[PDB]
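# Coordinates for the following, if possible.
(3 chains, ligands or ions: 2)
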Amino acid sequence: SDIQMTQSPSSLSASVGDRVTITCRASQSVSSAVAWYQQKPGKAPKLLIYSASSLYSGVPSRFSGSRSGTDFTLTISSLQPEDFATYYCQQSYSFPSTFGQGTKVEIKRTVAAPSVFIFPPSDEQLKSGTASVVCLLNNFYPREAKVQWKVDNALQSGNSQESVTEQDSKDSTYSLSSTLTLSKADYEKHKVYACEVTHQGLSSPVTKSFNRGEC
Amino acid sequence: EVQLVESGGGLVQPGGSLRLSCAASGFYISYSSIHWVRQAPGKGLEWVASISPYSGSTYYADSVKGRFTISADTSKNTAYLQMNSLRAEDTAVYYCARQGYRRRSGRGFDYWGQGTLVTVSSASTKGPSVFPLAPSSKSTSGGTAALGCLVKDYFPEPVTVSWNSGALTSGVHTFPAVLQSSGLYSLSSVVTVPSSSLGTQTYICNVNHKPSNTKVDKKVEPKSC
RNA sequence: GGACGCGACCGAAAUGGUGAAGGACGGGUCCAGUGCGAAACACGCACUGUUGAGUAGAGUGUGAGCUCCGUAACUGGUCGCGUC
Ligand SMILES: [K+]
Ligand SMILES: [Mg+2]
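Numbers count the residues shown, from 1 in each chain, chains lettered A, B, ... in the order given. Ligands and ions are numbered 1, 2, ... in the order given. There you are, the coordinates:
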């Protein structure tokens, strides 16, 4: 049996100054051969804790690790701005080695509603037989948001893709683009293109739309 | 002082082969266990393989066993991951890492390379088409206007985007690419600007896709009525 | 009575051979674990093990002690005989 490291939670929101705890639970005894790592977007992981509870040289002491049987915890006693990142536990008691799923630690702030924008496809793109319609949800929090596409008031499904930005380094919000992809023929068979947004900072759903072949 | 540089990454067809290298500096690999760990985009760390000092014993994750071979050339102070019979799901950033000294840091991996991207796909290298996302012939959402560029149908990752050759950075959001069903990537970069300057301020997106010798600049303007 | 002498029997340090004992005789025997050597395995060292664990072999110890069968120094004992 390969050893499982079950990591929870997969994400958490916290304010600067808060005490947070992240947990890895081993499927069998791993002694104390557990390490903890920090990873920021686009960057290699950095070692924080080794042997379950030893602080790695140069790591600030607000980081601590603890072992309770086969359960392991990384605690940060008081988060600082630079501590927002993803954390991974690792067992190296035996091979194969196992990493935990990770825990994204994100910063908490006041609910912010998104600003919504819709973009019709360019005539340029239209020359090639594909129409891309784009909807932008700008600078909102929390991350949960619902985007729905309507074409002549018919609800679209399976023909869109979303993408979300990393939480912003200044205002701590998210942005989201959703893209509806149609063949040029389908696109030209309809008039009203709409993007409907549902977010916590919105009292009611907001719809941004345009009519094909207008302004 | 201590550093690790992986190289050799790139695009390869399914069933193909690729050798990665991990150049150490600041220490000698002969006294350390060396490891390879990978990260599929958006996913977590997955341990791939390792090689033990003095015995040369090697270990492998089941998911790559039989296909991948780790090795070491002490005279170049470099380690290697020979990947054969590659599948799309081996697509990942590949990191080599040093397991540190037992007395100093148990079995923690104290140093990691910056990583090298391996894309396994039958799609072939292609530059993006870059389309304008023109600001609305209206006024406002929030008080401002939004414009951007759609960077569509390139392969493989990555691409870079900037605005006004780097001068415009505020209010910029460059989205992580999605892999479309065609097997090509697509992303968009947007920026919010004031609507009072739309006719007089200039906005150009700069898109560079190095694997296809594609570099483009696109002026994004309001069009008509 | 004792001195000297001879002999026998007993004792006996030592010693040749023998064969039972398994962790309460040990080991550089074997196994698991922990730490250390730039060292997870392999290699070396150290520590730890409550049926660690087969009594002569998973041993290429002419091991210690002991069982049994001998040999035996003797500068120990006893008895007989000789002389005084
Ligand atoms: K023995
Ligand atoms: Mg050993």
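
# how's chain A carved up into domains?
Listed domain ranges for chain A are A:1-109, A:110-215 (source: curated CATH domains).

# Kindly report the same for chain B.
Using curated CATH domains, chain B is parsed into the domains B:1-122, B:123-222.

# So residue B:222 is in contact with residue B:134, correct?
Yes. At 5.9 Å, residue B:222 counts as touching residue B:134 under the criterion of C-beta atoms under 8 Å. Where you see a C-beta, it was placed from the backbone N, CA and C, and this is true even at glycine.

# which of these two has more neighbours?
For the pair residue B:222 and residue B:134, the greater number of neighbours falls to residue B:134 (19 against 16), based on other C-beta atoms under 10 Å in any protein chain shown.

# if I read this right, that one contacts residue A:122, doesn't it?
Yes. Assessed by C-beta under 8 Å, residue B:134 is found in contact with residue A:122 at 7.3 Å.

# For residue B:192, what are phi and psi?
Dihedral angles of residue B:192 (phi, psi; degrees, to the nearest 10) stand at phi -90, psi 140.

# Please name the nearest non-neighbouring residue to it.
Distance criterion C-beta to C-beta, 6 or more residues apart in numbering or on different chains; nearest residue to residue B:192, sequence neighbours excluded, is residue B:171 at 4.2 Å.

# Provide a list of residues in contact with that neighbour.
Residue B:171 sits next to B:144, B:191, B:192, B:193 when contact means C-beta atoms under 8 Å, 6 or more residues apart in numbering or on different chains.

# Now the residue of chain A at minimum distance from RNA strand C: closest residue in space that isn't a chain neighbour?
Using C-beta to the nearest atom of the strand, the single residue of chain A nearest to RNA strand C is residue A:92, 3.9 Å away. Nearest residue to residue A:92, sequence neighbours excluded (C-beta to C-beta, 6+ apart): residue B:107, at 4.1 Å.

# next one: residue A:199
Residue A:199 sits nearest to residue A:145 (C-beta to C-beta, 6+ apart), 4.7 Å away.

# Now do that neighbour against residue A:162, distance only.
With the distance defined as C-beta to C-beta, to the nearest Å, residue A:145 ends up 9 Å from residue A:162.

# Mutual contacts of those two, please.
residue A:176.

# So for these two, which residue has more residues nearby?
Neighbours of residue A:145 and residue A:162, each counted by other C-beta under 10 Å, are more numerous for residue A:145; the result is 23 against 14.

# which residues does the more buried one contact?
A:114, A:137, A:174, A:176, A:197, A:198, A:199.

# got it, and residue A:105?
The neighbourhood of residue A:105, defined by C-beta under 8 Å, 6+ apart, consists of A:11, A:12, A:14, A:20, A:22, A:79, A:83, A:84, A:85, A:86, A:87.

# Name the member of those residues with the most neighbours.
residue A:87 (24 neighbours).

# Surely that one and residue A:23 touch.
No. Contact status for residue A:87 versus residue A:23: not in contact, 10.5 Å apart, counting by C-beta under 8 Å.

# in chain B, which spans are helices?
Assigned helices in chain B, in chain order: B:102-105 (criterion: DSSP state H).

# Alongside RNA strand C, which residues does it contribute?
Taking C-beta under 7 Å from any atom of the strand as the measure of proximity, chain B contacts RNA strand C at B:27-28, B:31-33, B:50, B:52-55, B:57, B:99-103, B:107.

# since we're on residue A:96, how many residues are nearby?
20.

# ok, now which ones touch it?
Applying C-beta under 8 Å, 6+ apart, we find residue A:96 in contact with A:2, B:47, B:59, B:60, B:61, B:62.

# Now do the fifth one against residue A:8, distance only.
The one in question is residue B:61. Taking C-beta to C-beta as the criterion, residue B:61 is separated from residue A:8 by 23 Å.

# And for the second one?
Separation of residue B:47 from residue A:8 (C-beta to C-beta): 20 Å.

# Just want to know which of these two has more residues nearby.
For residue B:47 versus residue A:8, neighbours defined as other C-beta under 10 Å are more numerous around residue B:47 (24 against 13).

# In this model residue B:37 seems to touch the more buried one, though I could be wrong.
Yes. Counting by C-beta under 8 Å, residue B:47 touches residue B:37, with 5.2 Å between them.
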